[PDB]
Structure formats: C-alpha cells, structure tokens
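For reference, the structure is listed below as structure tokens.
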Amino acid sequence: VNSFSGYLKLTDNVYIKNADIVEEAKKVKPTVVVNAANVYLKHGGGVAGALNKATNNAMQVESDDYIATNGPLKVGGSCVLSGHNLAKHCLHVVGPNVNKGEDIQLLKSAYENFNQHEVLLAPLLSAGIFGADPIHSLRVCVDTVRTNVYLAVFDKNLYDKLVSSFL
C-alpha cells in the first residue's frame with residue numbers, strides 16, 4: 001500500500017492521473033520523482049522548469065555541480081540526484097527530443113531507467129515540449145516499465161485522450 005490517490009489503473013503496474021506533478025510530489029513525497037531532463041540538466045521549461053522552480057532553484061544548483069564533475073548525460077540515460085522538497089530522490093531521465101531530431105527508439109532506453117526503482121511518480125517521457133506523441137510514449141511506458149509507475153499528465157484534454165485510446 002502507498003498513498004497515491006485517485007489514479008486510474010491501466011495495467012498491473014502502470015497508473016495514470018490528470019495532475020500537476022509538482023503538486024503531486026509535494027503531497028505524496030514519493031521516494032522517486034522523475035524529471036523530464038535534457039543532457040545538460042538545464043531545467044528551463046516543461047516539467048523540468050516546473051520541478052526546478054518548486055525547489056527554489058536548488059535542483060539547478062545541484063545539477064550544475066553534477067555536470068561540472070561528470071559531463072552531460074546520454075540521450076536515453078539518467079542520473080539520480082536529490083529530490084529536494086519534492087521527493088527523496090529525483091531520477092533525471094533524458095528522453096529523445098524530436099525537436100532536436102533525436103531517434104524515438106531511444107524512448108525505450110529512457111524508460112528502462114525506471115526499472116531500477118520499485119515505485120516512481122513520473123511524467124510521460126518525450127511528451128510536451130520534447131515533441132513526441134504522448135499516446136506513443138504511454139505505449140512504450142507500458143511495454144517497458146515493470147516496476148510501479150504513477151503517471152501525472154498535466155493537460156486534461158490529453159489525459160482523457162490517453163485513457164480513451166489505451167489498448
């Protein structure tokens with residue numbers, strides 16, 4: 001049992017809710033919140049900009065030190081950093097950005113990072129400003145993630161379409 005509330009069950013391990021991931025994280029304080037990161041951990045917009053703002057820029061400060069030490073992530077890769085006031089940990093995962101021409105096959109590799117964590121609160125990878133089709137992202141999530149994932153979908157119209165088209 002966990003405290004995630006109001007989710008629709010899609011499969012044995014995938015759950016979905018129309019919710020603002022920042023507010024969800026503040027309420028639940030999950031062990032892991034996933035960020036829709038880029039390879040430079042520059043949290044400018046989308047989910048990343050929102051999560052970072054909620055940490056009062058502490059996420060960005062930590063991230064800049066991470067990059068200075070380790071260099072950029074890979075597309076499809078991840079790193080675990082602090083969850084600050086949102087979660088115990090933040091799993092920064094880089095899905096491909098279609099607006100950069102990045103190969104959508106890397107979306108599966110990106111979701112594989114979730115399997116290193118028994119429970120996650122997450123957005124749909126590569127959706128939003130990353131340019132991929134969110135229906136496709138949900139399909140890859142369902143077909144790749146085996147651990148328990150609680151998906152927060154920002155946009156209500158999209159949430160309803162994701163549910164109503166789910167196979």
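Naming scheme: A, B, ... for chains in displayed order of the structure tokens; residues 1 onward per chain; ligands 1 onward as shown.
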- Would you list the contacts of residue A:120 as a PyMOL selection string, taking every protein, DNA or RNA residue within 6 Å and counting only C-alpha atoms, but skipping same-chain residues closer than 3 positions in sequence? chain A and resi 32-33+149
May I have a table of the residues of stretch 58-146 of chain A lying at most 7 Å from stretch 9-30 of chain A, giving each one's closest pair of atoms and their distance in Å to one decimal, counting only C-alpha atoms, ordered by chain and ascending residue number, as a tab-separated table?
```
residue	atom	partner	partner_atom	distance
A:86	CA	A:26	CA	5.1
A:87	CA	A:29	CA	4.6
A:88	CA	A:30	CA	6.6
A:121	CA	A:30	CA	6.9
A:142	CA	A:14	CA	6.5
A:146	CA	A:13	CA	6.5
```
- Query: Taking only C-alpha atoms into account, which of A:38, A:157, A:70, A:165 comes nearest residue A:102?
  - Reply: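 Looking only at the distances to residue A:102, the closest residue turns out to be A:38.
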- DSSP on the backbone: what in chain A comes out helix (DSSP H, G or I), as a ChimeraX atom specification? /A:21-28,46-54,58-70,98-100,106-116,128-130,134-144,156-164
- Query: Which residues come within 9 Å of residue A:63, counting only C-alpha atoms, excluding same-chain residues fewer than 4 positions away, as a list in words?
  - Reply: residues 40, 41, 42, 43, 58, 59, 67, 68 and 81 of chain A
- Message: Could you tell me how far atom CA of residue A:166 sits from atom CA of residue A:135, in Å to one decimal place?
- Response: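 Going from atom CA of residue A:135 over to atom CA of residue A:166 covers 8.0 Å.
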- Query: Which of these, A:74, A:108, A:92, A:100, has the shortest distance to residue A:36 once you count only C-alpha atoms?
  - Reply: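 When distances to residue A:36 are compared using only C-alpha atoms, the smallest one comes from A:92.
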- Message: With only C-alpha atoms as the counted atoms, please give the residues lying no more than 9 Å from residue A:130, apart from itself and same-chain residues fewer than 6 positions off, as a list in words.
- Response: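 Once the nearby chain positions are removed, what remains is residues 36, 46, 95, 96, 97, 98, 99 and 100 of chain A.
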Once you have the residues from the selection above, write them out as a CSV table (one decimal), in the first residue's frame, restricted to N, CA and C atoms.
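The resulting out-v2.csv:
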```csv
chain,number,residue,atom,x,y,z
A,36,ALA,N,11.8,15.2,-16.5
A,36,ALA,CA,12.0,15.2,-18.0
A,36,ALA,C,13.2,16.0,-18.3
A,46,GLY,N,9.0,23.2,-19.4
A,46,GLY,CA,8.3,22.0,-19.3
A,46,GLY,C,8.3,21.5,-17.9
A,95,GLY,N,14.7,11.6,-22.2
A,95,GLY,CA,14.0,11.1,-23.4
A,95,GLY,C,14.5,11.8,-24.7
A,96,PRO,N,14.4,11.2,-25.8
A,96,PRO,CA,14.7,11.9,-27.1
A,96,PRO,C,13.8,13.1,-27.3
A,97,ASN,N,14.4,14.2,-27.8
A,97,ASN,CA,13.7,15.4,-28.2
A,97,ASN,C,13.6,15.4,-29.7
A,98,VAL,N,12.3,15.2,-30.1
A,98,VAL,CA,12.0,15.2,-31.6
A,98,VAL,C,12.4,16.6,-32.2
A,99,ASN,N,12.3,17.7,-31.4
A,99,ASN,CA,12.6,19.0,-31.9
A,99,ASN,C,14.1,19.2,-32.1
A,100,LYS,N,14.9,18.2,-31.7
A,100,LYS,CA,16.4,18.2,-31.9
A,100,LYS,C,16.7,17.0,-32.9
```
- Query: atom CA of residue A:93 and atom CA of residue A:6, how far apart in Å?
  - Reply: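 The value is 25.0 Å.
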- Message: I need the residue nearest residue A:118 from this list: A:2, A:85, A:7, A:167. Use only C-alpha atoms for the distance.
- Response: A:2
- Of the candidates A:129, A:156, A:89, A:119, which one gets nearest to residue A:45 if we count only C-alpha atoms?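 Using only C-alpha atoms, residue A:45 sits closest to A:129.
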- Query: Between A:143, A:64, A:155, A:160, which is the closest to residue A:115 once you count only C-alpha atoms?
  - Reply: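 Closest residue, counting only C-alpha atoms: A:143.
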- Which of A:122, A:105, A:113, A:39 sits closest to residue A:51 [using only C-alpha atoms]: A:122
- Message: Taking 5 positions as the minimum chain separation for residues in the same chain, which residues sit within 9 Å of residue A:117 when counting only C-alpha atoms? Answer as a PyMOL selection string.
- Response: chain A and resi 31-32+147-148
Can I get the selected residues back with N, CA and C atoms, as an mmCIF file, in the first residue's frame?
```cif
data_model
loop_
_atom_site.group_PDB
_atom_site.id
_atom_site.type_symbol
_atom_site.label_atom_id
_atom_site.label_comp_id
_atom_site.auth_asym_id
_atom_site.auth_seq_id
_atom_site.Cartn_x
_atom_site.Cartn_y
_atom_site.Cartn_z
ATOM 1 N N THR A 31 9.336 8.350 -2.867
ATOM 2 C CA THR A 31 10.749 8.007 -2.863
ATOM 3 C C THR A 31 11.443 8.554 -4.104
ATOM 4 N N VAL A 32 10.780 8.482 -5.268
ATOM 5 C CA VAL A 32 11.359 8.936 -6.534
ATOM 6 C C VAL A 32 10.342 9.742 -7.324
ATOM 7 N N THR A 147 8.308 -1.987 -13.012
ATOM 8 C CA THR A 147 8.093 -1.502 -11.663
ATOM 9 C C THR A 147 6.848 -0.616 -11.631
ATOM 10 N N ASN A 148 6.461 -0.151 -10.449
ATOM 11 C CA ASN A 148 5.181 0.533 -10.296
ATOM 12 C C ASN A 148 5.339 2.010 -10.592
#
```
- What is the atom CA of residue A:140-atom CA of residue A:103 distance in Å, reported with one decimal?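 Distance between the two atoms: 13.9 Å.
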